[PDB]
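Q: Residue numbers (PDB author numbering): 1 to 330.
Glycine included, C-beta positions come from ideal geometry on N, C-alpha and C.
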Amino acid sequence: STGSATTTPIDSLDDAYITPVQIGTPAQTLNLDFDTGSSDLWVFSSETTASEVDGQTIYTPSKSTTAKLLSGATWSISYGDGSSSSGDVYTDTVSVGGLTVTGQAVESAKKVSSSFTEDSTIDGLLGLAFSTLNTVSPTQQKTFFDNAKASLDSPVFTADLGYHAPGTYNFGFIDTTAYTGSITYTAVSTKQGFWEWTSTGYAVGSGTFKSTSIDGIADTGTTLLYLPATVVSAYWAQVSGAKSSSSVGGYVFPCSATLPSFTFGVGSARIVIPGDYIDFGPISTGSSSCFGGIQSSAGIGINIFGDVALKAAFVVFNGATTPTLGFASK
């Protein structure tokens, strides 16, 4: 089997991407944030504290003839940006782009933190990291990908995120028309439960490539590109007026600037992030100070190849017995 679904930016800055997901019988369609940095599929629901729902579409398990309460199971998750959610668990039928999993754990939110409530466009998350990170207790549950894997034509999914435009998540096949040149594959460590890999270096604009190992995670659920302070300082030094602002919470730059590109290495291959992809617009409405899309990972504890990086590539998440990651230009 295979599946193919379009993923759409939630706003004009590509702050996140939503993908429609069918849950239950008859189908209830919710727009979920596909997150290769976590491993829970959770949804706003009829059980979510009413004051914490503001415009989201909810899953109502009592209206699904295939929903079953997973007795005794609870979940609770905290994300890198400080947001969180928790609740109980059902199993139900879940379909993505024509690919159907029966008996998928659907984690129903009883509580969500303010940032989730305040974002009306995201109805929940669909985790695509390794199932070892799943938070369901006392019986850990599998991700959608893990459940689908054996049925897929090939044990892979691909992320093709757009810049200010829709893109595609595919399951079970590689669309050879969706990228240019070749796909370069690179090793993955699953030791921390992430799609963790090592970039071979970087360049700023038309500058010379610096060969240096940068360990980090491919994370569709993180907006920006978080890299070591040395790398980030080298980038922003090429932008007149750019500075790190503790009050704003990162590097800012004059909105009148033309940003240089940023290149990252995948083996001997190179992915170029155009300068415009690094512009996240005014820090507040009407400001002439703009927020940068490349930020320091210092004090996160890990480097993160988030959407800023991933949307410059066609990315293969290869879930073979020994997982790997592939990157192509597009």
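(1) Compute the beta-carbon to beta-carbon distance between residue 42 and residue 99, rounded to the nearest angstrom, for a pair I have assumed lies under 8 Å.
(2) If you drop the 5 nearest sequence neighbours on each side, which residues of the same chain put their C-beta closer than 6 Å to that of residue 73?
(3) Which residue comes first and which comes last in the beta strand (DSSP E) that contains residue 272?
(4) Taking only three categories from DSSP, how would you classify residue 99?
(5) Under 6 Å Cβ to Cβ from residue 212, same chain only, skipping five residues before and after it: list those, please.
(6) On a CA-only basis, which of 189, 48, 214 is nearest residue 230? Give me that one, please.
(7) Have a look at 221, 291, 91 and flag the residue whose alpha-carbon is nearest the alpha-carbon of residue 241.
(8) State the DSSP-derived secondary structure class of residue 111, mapped to helix, strand or coil.
(9) Return helix, strand or coil for residue 61, following the three-state DSSP convention.
(10) Would a C-beta distance cut-off of 7 Å place residue 20 and residue 29 closer than the cut-off?
(11) Below 7 Å between beta carbons: does that hold for residue 264 and residue 178?
(12) Round the Cβ separation of residue 256 and residue 274 to the nearest angstrom and send it over; I've been treating them as touching at under 8 Å.
(13) Go to residue 316, then tell me how far its beta strand (DSSP E) extends in each direction, as first and last residue.
(14) Go to residue 202, then tell me how far its beta strand (DSSP E) extends in each direction, as first and last residue.
(15) Which complete alpha helix (DSSP H) runs does the segment 160–229 hold, if anything under 4 residues is left out?
(16) In the DSSP assignment, what residue or residues form a beta bridge with residue 303?
(17) From residue 85 to residue 109, what does the alpha carbon distance come to, in whole angstroms?
(18) Count the other CB atoms, across all protein chains shown, that sit within 10 Å of the CB of residue 23; report buried if there are 16 or more and exposed otherwise.
(19) Leaving out the 5 sequence neighbours to the left and right, which residues in its chain are closer than 6 Å to residue 141 when beta-carbon positions are compared?
(20) Just curious, the alpha helix (DSSP H) that residue 148 is in, first and last residue?
(21) Would you say the segment 308–324 touches the segment 154–162, given that touching needs at least three Cβ pairs under 8 Å?
A: The answer reads as follows:
(1) With a Cβ gap of about 19 Å, residue 42 and residue 99 do not count as contacting.
(2) 89, 136
(3) 269–273
(4) strand
(5) 201
(6) 214
(7) 291
(8) strand
(9) helix
(10) yes
(11) no
(12) Contact flag wrong, Cβ pair sits at about 18 Å.
(13) 314–318
(14) 196–204
(15) none
(16) 216
(17) 6 Å
(18) buried
(19) 105, 134
(20) 144–148
(21) yes
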